[PDB]
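Peer 1: The structure under discussion is supplied below as structure tokens; questions concerning it will follow.
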Amino acid sequence: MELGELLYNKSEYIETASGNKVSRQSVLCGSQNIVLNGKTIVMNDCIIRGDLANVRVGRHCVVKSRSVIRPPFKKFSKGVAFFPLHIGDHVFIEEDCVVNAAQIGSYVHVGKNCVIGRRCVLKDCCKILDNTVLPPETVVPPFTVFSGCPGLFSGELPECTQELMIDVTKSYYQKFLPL
Amino acid sequence: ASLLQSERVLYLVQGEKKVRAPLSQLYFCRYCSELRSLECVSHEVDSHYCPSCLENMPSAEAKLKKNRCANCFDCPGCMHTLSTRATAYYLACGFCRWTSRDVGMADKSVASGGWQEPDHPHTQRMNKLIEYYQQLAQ
Amino acid sequence: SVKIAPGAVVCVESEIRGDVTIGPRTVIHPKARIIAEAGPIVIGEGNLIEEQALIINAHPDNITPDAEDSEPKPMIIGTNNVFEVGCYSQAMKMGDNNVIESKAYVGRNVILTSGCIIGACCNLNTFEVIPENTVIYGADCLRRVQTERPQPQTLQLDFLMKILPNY
Amino acid sequence: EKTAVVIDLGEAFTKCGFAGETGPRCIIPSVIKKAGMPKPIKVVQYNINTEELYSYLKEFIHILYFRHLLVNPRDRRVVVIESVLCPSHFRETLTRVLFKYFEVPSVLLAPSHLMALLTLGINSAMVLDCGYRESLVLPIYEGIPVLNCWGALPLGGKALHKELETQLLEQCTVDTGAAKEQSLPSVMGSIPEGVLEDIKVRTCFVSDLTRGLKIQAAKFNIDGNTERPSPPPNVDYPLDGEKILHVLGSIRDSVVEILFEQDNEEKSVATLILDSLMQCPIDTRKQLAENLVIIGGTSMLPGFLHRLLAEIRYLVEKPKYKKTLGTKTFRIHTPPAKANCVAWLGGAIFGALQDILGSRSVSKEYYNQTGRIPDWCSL
Ligand SMILES: Nc1ncnc2c1ncn2[C@@H]1O[C@H](COP(=O)(O)OP(=O)(O)O)[C@@H](O)[C@H]1O
Ligand SMILES: [Zn+2]
Ligand SMILES: [Zn+2]
């Protein structure tokens, strides 16, 4: 709201360990294969399944409530297996959002309730708008905005994304405290 | 940029045309002392690239190829980057289930090299008219 | 009131309620919401369910007319059927060889055939039988297109047999 | 020298590409998606303030020169195709945008009718331009446009879109998907122009003269009991997903008739050729009649060229045109590119002529000095 990030008070129940905060409400079925190296946030009722995964997330990663990050299955003639996805640094997944994406780049703002397709690659410094469908096996270049049910080039982003996005994710993390 | 409403508080530019824009969009000019907008500044062309198969093409090759990638294709029904599927290759979309078999294009033995667009029907008549007017203009 | 079948890798951690009738070779993913409110949920072999998938038989909650005498409305589902991420479903009869896409809201009385796909993030409340081997794409408009051949998804289901153990 | 770019700014669609090519590279709706506005504003709009028009054209030309075409604007020349009697302030603005902001080397303001003639190769021909706003005709005799014998009527795309909307609202039958299986009239107060255009193209067609003449008298109902031909089957069209509009068979073949209707004045798209040709010089009559050209996207409508040429030969026998244009042989030219992209193709053929282009075209150095674009009005 007018550049400034607003207050969000968390409850007592949340798994805070080595900077990484993960809501107890949010199930993450397969805790072994999933890894959170940095000071990540995972909001309540969110899913990070371990269906033969290697879900590596960023330094300041944010996943809002009711949102799912599942790896896609690669339809290979040699052997059909689930491809391990790698969420980049400073990644912001918005609320109620579906992600079946392989290799999500750093410094990205994925919009609200937007379905990303199977085996979908996202390069760094991009932005997917809200109520948008990226089809299976699609690529989005840097400094781009993809939107619509087709999921196609809408326009370009501001030049200063790399520097700006840092402030957003770090401010949200700092502003997001217990009550 | 969008999550925080950068499109609220705006900075003004000095010159002929006055514009109200967010600081995120604006650029500072160091040669002189006056910040200028994306509108005010002149735009150039550096490099061309495909959004699917990210391959930096030179300016000369683009003019020959009509600003297009040879390997990658976009579906006609919906506007999305197609994918090569085998059984010996057919072109299919992920969003809509439009195939290359539907319109009746034959499957190619080689993956990329085989696929092509038919020649323009009035291409021979075109060159004859240019050469006539070229001689007449001379 | 549960009719669990061997071979089917239904995960215990997924939520189930009512007079369920489980299929031979079905594979239910965790946090998959199946309810048998009025009539039973009949499941065909190879009918895998992925992520959030609201399958209810609550026509008594939807309308509540107090008509059709008993009105069991038993939820029949076919074989080799992929339920994707966040797709709402409520179909009394549903055919074999059909794949609803992610966040696809299927209607209160919509009958699915073979080789038929619902569009991702597309909602269809209107009651209308789907033609044989035709796909719907987009939310803004339906834009129906007839497919050349039906698409099978057997290999995917078969591999989950190996994964689900110790999860 | 570099291959000069060709742009053709229209109300419905803009043609864009490079000179010495078989057809245009990009053809797109002439609109811009501004932040806040739900429906995108139209870039060409006649009779508005210059500053507001300048901003829209600046926004549009930017999209053409970077997103659609990939080339530096300052490097290579421009060939701006625009119809004769295009509003003064609009053409003055369009040039001022290209010369001031983009800093193009030189613009050439070619009339669309003379460009359409080059594509065929014939030196003299009659040219009808059935566009979006107005269906204009202008006789071109051996390179010289005859402004004296001009002709225009508002029987284009806009007039046809409006006529379709009116007819659909009368016989309105939509299946919303909310106990709307029964015929529901005018659930939506207005239908968006994007939908109406798609219905027109796919559903509606141009009827034969014999069947059309019956349709005219049928809807009139001039002391006759159900004297209409059997219509085509009713086509169901989806509106915004769930809502299914059942289009009546009568609407498909009646909507077009407003173009070819006499309406007492004796002013149709057909009559406009013969009205112009009768006003032409006596020597030029037989050459122009023999060489007819039908450009514009409105004439792409299926079975338009047959109805027009037939309606011509019927209106010839009418006593007004029977004296002058009685024993004349009307023959249509088939241009190399499609009816929509005939105008553009001429500018490309002209753009390929680097030697003549530089001389005829107005240089930026001249515009910066003078500030006076040459027009067919007095200097
Ligand atoms: N391929 C086509 N088939 C049928 N109708 C068309 C086609 N292309 C355009 N049209 C219709 O005819 C009109 C042609 O207008 P156009 O000549 O492109 O614009 P302008 O007259 O402003 O240059 C469009 O508005 C559209 O309604
Ligand atoms: Zn490519
Ligand atoms: Zn497609």
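Lettering and numbering for the structure tokens are positional, with chains as A, B, ... in the shown order, residues counted from 1 in each chain, and ligands counted from 1 in the shown order.
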Using only C-alpha atoms and a cut-off of 9 Å, which residues of chain C sit close to chain D? Please list them as JSON, numbers by chain.
Peer 2: {"C": [122, 123, 124, 125, 126, 127, 138, 139, 140, 141, 142, 143]}
Peer 1: List the spatial neighbours of residue 72 in chain B as a list in words - criterion: any atom at most 9 Å away, only C-alpha atoms, same-chain residues fewer than 6 positions off excluded.
Peer 2: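 In the requested form, the answer reads residues 50, 52, 53, 81, 82, 83 and 112 of chain B.
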Peer 1: Please write the residues from the selection above to a file, keeping N, CA, C and O atoms, as a short mmCIF file (atom, residue, chain, number, x, y, z; two decimals), in the first residue's frame.
Peer 2:
data_model
loop_
_atom_site.label_atom_id
_atom_site.label_comp_id
_atom_site.auth_asym_id
_atom_site.auth_seq_id
_atom_site.Cartn_x
_atom_site.Cartn_y
_atom_site.Cartn_z
N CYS B 50 14.80 -15.70 -29.39
CA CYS B 50 13.55 -16.46 -29.34
C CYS B 50 13.12 -16.68 -27.89
O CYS B 50 13.95 -17.03 -27.05
N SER B 52 11.15 -19.05 -26.58
CA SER B 52 11.15 -20.51 -26.28
C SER B 52 12.60 -21.00 -26.17
O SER B 52 13.07 -21.17 -25.03
N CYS B 53 13.27 -21.21 -27.31
CA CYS B 53 14.69 -21.65 -27.40
C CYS B 53 15.58 -20.41 -27.43
O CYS B 53 15.81 -19.86 -28.53
N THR B 81 3.84 -21.61 -27.81
CA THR B 81 5.03 -22.27 -28.42
C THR B 81 4.80 -23.78 -28.47
O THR B 81 4.61 -24.39 -27.40
N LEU B 82 4.81 -24.36 -29.68
CA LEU B 82 4.56 -25.81 -29.94
C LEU B 82 5.71 -26.66 -29.40
O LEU B 82 6.78 -26.10 -29.09
N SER B 83 5.49 -27.98 -29.31
CA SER B 83 6.46 -29.00 -28.85
C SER B 83 6.45 -30.20 -29.80
O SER B 83 5.35 -30.63 -30.21
N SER B 112 13.95 -31.33 -36.81
CA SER B 112 13.80 -29.87 -37.07
C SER B 112 13.91 -29.56 -38.57
O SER B 112 13.09 -28.75 -39.06
#
Peer 1: Report as an MDAnalysis selection string the set of chain B residues whose atoms approach chain C to within 12 Å, with distances computed over only C-alpha atoms.
Peer 2: chainID B and resid 77:79 92:104
Peer 1: Keeping C-alpha atoms for every residue in the selection just given, could you write it to a file as a PDB file, in the first residue's frame?
Peer 2:
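Below you can see selection15.pdb, which holds the result:
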ATOM      1  CA  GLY B  77      -5.390 -22.065 -33.058  1.00  0.00           C
ATOM      2  CA  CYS B  78      -4.188 -20.648 -29.691  1.00  0.00           C
ATOM      3  CA  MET B  79      -0.971 -18.474 -29.476  1.00  0.00           C
ATOM      4  CA  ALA B  92       1.381 -30.535 -30.845  1.00  0.00           C
ATOM      5  CA  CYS B  93       0.274 -27.810 -28.318  1.00  0.00           C
ATOM      6  CA  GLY B  94      -0.039 -28.219 -24.489  1.00  0.00           C
ATOM      7  CA  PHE B  95      -2.920 -25.737 -23.773  1.00  0.00           C
ATOM      8  CA  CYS B  96      -5.188 -26.765 -26.737  1.00  0.00           C
ATOM      9  CA  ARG B  97      -4.837 -30.330 -28.216  1.00  0.00           C
ATOM     10  CA  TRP B  98      -4.307 -29.068 -31.828  1.00  0.00           C
ATOM     11  CA  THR B  99      -1.860 -31.401 -33.721  1.00  0.00           C
ATOM     12  CA  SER B 100       0.016 -30.963 -37.071  1.00  0.00           C
ATOM     13  CA  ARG B 101      -1.831 -34.200 -38.164  1.00  0.00           C
ATOM     14  CA  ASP B 102      -5.241 -32.343 -37.901  1.00  0.00           C
ATOM     15  CA  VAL B 103      -4.460 -29.913 -40.826  1.00  0.00           C
ATOM     16  CA  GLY B 104      -2.760 -32.841 -42.705  1.00  0.00           C
TER      17      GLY B 104
END
Peer 1: Could you give me, as a list in words, every polymer residue with an atom at most 7 Å away from an atom of ligand 1, counting only C-alpha atoms and all ligand atoms?
Peer 2: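 After applying the 7 Å limit, what remains is residues 9, 10, 11, 12, 13, 14, 130, 131, 132, 133, 157, 197, 201, 296, 297, 298, 300, 301 and 340 of chain D.
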Peer 1: Near chain B, which residues of chain D fall within 8 Å when you count only C-alpha atoms, and what do they look like as a list in words?
Peer 2: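 In the required form, that comes to residues 20, 22, 25, 66, 69, 70, 71, 72, 101, 102, 119, 121, 336, 337, 349, 352, 353, 355 and 356 of chain D.
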Peer 1: Just the residues within 6 Å of range 4-21 of chain B, please, counting only C-alpha atoms, with nothing from its chain fewer than 6 positions along; format it as a ChimeraX atom specification.
Peer 2: /A:1-3 /B:36
Peer 1: Could you write those residues out with N, CA, C and O atoms, as a PDB file, in the first residue's frame?
Peer 2:
ATOM      1  N   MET A   1       0.863  -1.229   0.000  1.00  0.00           N
ATOM      2  CA  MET A   1       0.000   0.000   0.000  1.00  0.00           C
ATOM      3  C   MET A   1       0.882   1.256   0.000  1.00  0.00           C
ATOM      4  O   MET A   1       1.480   1.559   1.055  1.00  0.00           O
ATOM      5  N   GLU A   2       0.949   1.947  -1.145  1.00  0.00           N
ATOM      6  CA  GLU A   2       1.751   3.172  -1.377  1.00  0.00           C
ATOM      7  C   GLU A   2       3.221   2.899  -1.028  1.00  0.00           C
ATOM      8  O   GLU A   2       3.752   3.568  -0.120  1.00  0.00           O
ATOM      9  N   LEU A   3       3.823   1.913  -1.702  1.00  0.00           N
ATOM     10  CA  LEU A   3       5.261   1.501  -1.626  1.00  0.00           C
ATOM     11  C   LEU A   3       5.531   0.732  -0.320  1.00  0.00           C
ATOM     12  O   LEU A   3       6.169  -0.337  -0.402  1.00  0.00           O
TER      13      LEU A   3
ATOM     14  N   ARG B  36      15.177  11.617 -16.582  1.00  0.00           N
ATOM     15  CA  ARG B  36      14.277  11.574 -17.770  1.00  0.00           C
ATOM     16  C   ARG B  36      13.527  10.238 -17.807  1.00  0.00           C
ATOM     17  O   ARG B  36      14.060   9.238 -17.287  1.00  0.00           O
TER      18      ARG B  36
END
Peer 1: Find the spatial neighbours of residue 34 in chain A, counting only C-alpha atoms, within a cut-off of 7 Å - ignore same-chain residues fewer than 5 positions away - and output them as JSON, numbers by chain.
Peer 2: {"A": [50, 53, 54, 55, 56]}
Peer 1: Can you work out which one of C:62, C:114, C:166, C:52 has the shortest atom-to-atom distance to residue 15 in chain C, counting only C-alpha atoms?
Peer 2: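 The shortest atom-to-atom distance to residue 15 in chain C comes from C:52.
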Peer 1: Residues at most 10 Å from residue 1 in chain B, counting only C-alpha atoms, excluding those fewer than 4 positions away in the same chain, as a list in words?
Peer 2: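 Counting only C-alpha atoms, the residues come to residues 3, 109, 157, 158, 160, 161, 164, 165 and 168 of chain A; 5, 6, 7, 22, 24 and 25 of chain B.
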Peer 1: Write to file, as a short mmCIF file (atom, residue, chain, number, x, y, z; two decimals), in the first residue's frame, the residues of the selection just made, with N, CA and C atoms.
Peer 2:
data_model
loop_
_atom_site.label_atom_id
_atom_site.label_comp_id
_atom_site.auth_asym_id
_atom_site.auth_seq_id
_atom_site.Cartn_x
_atom_site.Cartn_y
_atom_site.Cartn_z
N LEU A 3 3.82 1.91 -1.70
CA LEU A 3 5.26 1.50 -1.63
C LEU A 3 5.53 0.73 -0.32
N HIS A 109 8.18 -12.95 -9.22
CA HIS A 109 6.90 -12.66 -8.54
C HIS A 109 5.77 -13.40 -9.26
N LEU A 157 8.79 -5.62 -17.93
CA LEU A 157 8.85 -5.17 -16.51
C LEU A 157 9.67 -3.89 -16.41
N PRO A 158 9.68 -3.21 -15.24
CA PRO A 158 10.67 -2.16 -14.97
C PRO A 158 12.11 -2.70 -15.01
N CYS A 160 14.80 -1.91 -13.19
CA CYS A 160 15.26 -2.20 -11.80
C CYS A 160 14.31 -3.19 -11.12
N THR A 161 14.48 -4.49 -11.41
CA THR A 161 13.78 -5.62 -10.76
C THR A 161 14.74 -6.29 -9.77
N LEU A 164 15.12 -4.05 -6.79
CA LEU A 164 13.81 -3.71 -6.18
C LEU A 164 13.24 -4.92 -5.43
N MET A 165 13.19 -6.10 -6.07
CA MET A 165 12.60 -7.35 -5.53
C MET A 165 13.24 -7.74 -4.20
N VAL A 168 11.50 -6.07 -1.34
CA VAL A 168 10.10 -6.56 -1.20
C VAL A 168 10.10 -7.79 -0.27
N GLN B 5 2.57 -0.90 -4.30
CA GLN B 5 1.95 -0.06 -5.36
C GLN B 5 2.89 1.10 -5.69
N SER B 6 3.95 0.82 -6.46
CA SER B 6 4.91 1.81 -7.01
C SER B 6 4.17 2.83 -7.88
N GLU B 7 3.09 2.40 -8.54
CA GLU B 7 2.17 3.26 -9.34
C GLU B 7 1.22 3.99 -8.38
N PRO B 22 6.46 6.59 -11.94
CA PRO B 22 7.16 6.01 -10.79
C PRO B 22 8.69 6.03 -10.96
N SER B 24 10.79 3.77 -10.12
CA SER B 24 11.14 2.41 -10.61
C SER B 24 11.29 2.41 -12.14
N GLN B 25 10.43 3.15 -12.85
CA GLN B 25 10.37 3.20 -14.34
C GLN B 25 11.37 4.23 -14.89
#
Peer 1: Wanna dump the chain A-chain C contacts at 8 Å for me, each residue with its shortest atom pair and the distance in Å to one decimal, counting only C-alpha atoms, ordered by chain and number, as JSON lines?
Peer 2:
{"residue": "A:29", "atom": "CA", "partner": "C:167", "partner_atom": "CA", "distance": 7.1}
{"residue": "A:30", "atom": "CA", "partner": "C:167", "partner_atom": "CA", "distance": 6.4}
{"residue": "A:51", "atom": "CA", "partner": "C:163", "partner_atom": "CA", "distance": 6.7}
{"residue": "A:52", "atom": "CA", "partner": "C:163", "partner_atom": "CA", "distance": 6.9}
{"residue": "A:73", "atom": "CA", "partner": "C:156", "partner_atom": "CA", "distance": 7.7}
{"residue": "A:80", "atom": "CA", "partner": "C:156", "partner_atom": "CA", "distance": 7.0}
{"residue": "A:81", "atom": "CA", "partner": "C:159", "partner_atom": "CA", "distance": 7.6}
{"residue": "A:98", "atom": "CA", "partner": "C:85", "partner_atom": "CA", "distance": 7.3}
{"residue": "A:115", "atom": "CA", "partner": "C:102", "partner_atom": "CA", "distance": 7.1}
{"residue": "A:133", "atom": "CA", "partner": "C:120", "partner_atom": "CA", "distance": 7.0}
{"residue": "A:149", "atom": "CA", "partner": "C:138", "partner_atom": "CA", "distance": 5.3}
{"residue": "A:150", "atom": "CA", "partner": "C:138", "partner_atom": "CA", "distance": 7.1}
Peer 1: Any chance you can output those residues with N, CA, C and O atoms as a PDB file, in the first residue's frame?
Peer 2:
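Below you can see out39.pdb, which holds the result:
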ATOM      1  N   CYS A  29       4.374 -33.101   2.989  1.00  0.00           N
ATOM      2  CA  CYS A  29       4.514 -34.582   2.893  1.00  0.00           C
ATOM      3  C   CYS A  29       5.765 -34.962   2.087  1.00  0.00           C
ATOM      4  O   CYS A  29       5.743 -34.804   0.849  1.00  0.00           O
ATOM      5  N   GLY A  30       6.805 -35.447   2.776  1.00  0.00           N
ATOM      6  CA  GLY A  30       8.140 -35.736   2.216  1.00  0.00           C
ATOM      7  C   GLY A  30       9.151 -34.688   2.650  1.00  0.00           C
ATOM      8  O   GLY A  30       9.628 -33.931   1.783  1.00  0.00           O
ATOM      9  N   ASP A  51       7.285 -36.196  -3.920  1.00  0.00           N
ATOM     10  CA  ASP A  51       7.002 -37.254  -4.929  1.00  0.00           C
ATOM     11  C   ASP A  51       8.237 -37.410  -5.823  1.00  0.00           C
ATOM     12  O   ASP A  51       8.184 -36.962  -6.985  1.00  0.00           O
ATOM     13  N   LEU A  52       9.296 -38.030  -5.286  1.00  0.00           N
ATOM     14  CA  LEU A  52      10.666 -38.087  -5.877  1.00  0.00           C
ATOM     15  C   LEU A  52      11.076 -36.676  -6.319  1.00  0.00           C
ATOM     16  O   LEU A  52      11.090 -36.407  -7.541  1.00  0.00           O
ATOM     17  N   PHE A  73       6.261 -34.840 -13.686  1.00  0.00           N
ATOM     18  CA  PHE A  73       6.742 -36.158 -14.182  1.00  0.00           C
ATOM     19  C   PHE A  73       7.157 -36.004 -15.651  1.00  0.00           C
ATOM     20  O   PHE A  73       6.348 -35.511 -16.465  1.00  0.00           O
ATOM     21  N   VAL A  80      10.098 -43.097 -17.010  1.00  0.00           N
ATOM     22  CA  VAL A  80       9.156 -42.031 -16.549  1.00  0.00           C
ATOM     23  C   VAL A  80       9.409 -41.775 -15.058  1.00  0.00           C
ATOM     24  O   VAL A  80       9.140 -42.692 -14.254  1.00  0.00           O
ATOM     25  N   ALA A  81       9.908 -40.582 -14.711  1.00  0.00           N
ATOM     26  CA  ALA A  81      10.267 -40.167 -13.332  1.00  0.00           C
ATOM     27  C   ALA A  81       9.918 -38.691 -13.107  1.00  0.00           C
ATOM     28  O   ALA A  81       9.820 -37.942 -14.102  1.00  0.00           O
ATOM     29  N   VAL A  98      -1.019 -22.475  -8.044  1.00  0.00           N
ATOM     30  CA  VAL A  98      -0.630 -23.866  -8.433  1.00  0.00           C
ATOM     31  C   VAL A  98       0.679 -23.796  -9.230  1.00  0.00           C
ATOM     32  O   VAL A  98       0.744 -22.996 -10.185  1.00  0.00           O
ATOM     33  N   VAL A 115      -2.033 -20.966 -12.549  1.00  0.00           N
ATOM     34  CA  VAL A 115      -1.634 -22.388 -12.771  1.00  0.00           C
ATOM     35  C   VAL A 115      -0.465 -22.418 -13.762  1.00  0.00           C
ATOM     36  O   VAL A 115      -0.693 -22.111 -14.947  1.00  0.00           O
ATOM     37  N   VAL A 133      -2.740 -18.774 -16.882  1.00  0.00           N
ATOM     38  CA  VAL A 133      -2.442 -20.219 -17.117  1.00  0.00           C
ATOM     39  C   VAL A 133      -1.252 -20.323 -18.077  1.00  0.00           C
ATOM     40  O   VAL A 133      -1.449 -20.080 -19.285  1.00  0.00           O
ATOM     41  N   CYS A 149      -5.350 -16.765 -20.451  1.00  0.00           N
ATOM     42  CA  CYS A 149      -5.577 -18.238 -20.441  1.00  0.00           C
ATOM     43  C   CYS A 149      -4.584 -18.924 -21.382  1.00  0.00           C
ATOM     44  O   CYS A 149      -4.059 -19.980 -21.036  1.00  0.00           O
ATOM     45  N   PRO A 150      -4.296 -18.377 -22.590  1.00  0.00           N
ATOM     46  CA  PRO A 150      -3.175 -18.858 -23.403  1.00  0.00           C
ATOM     47  C   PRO A 150      -1.821 -18.817 -22.677  1.00  0.00           C
ATOM     48  O   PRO A 150      -1.062 -19.757 -22.818  1.00  0.00           O
TER      49      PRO A 150
END
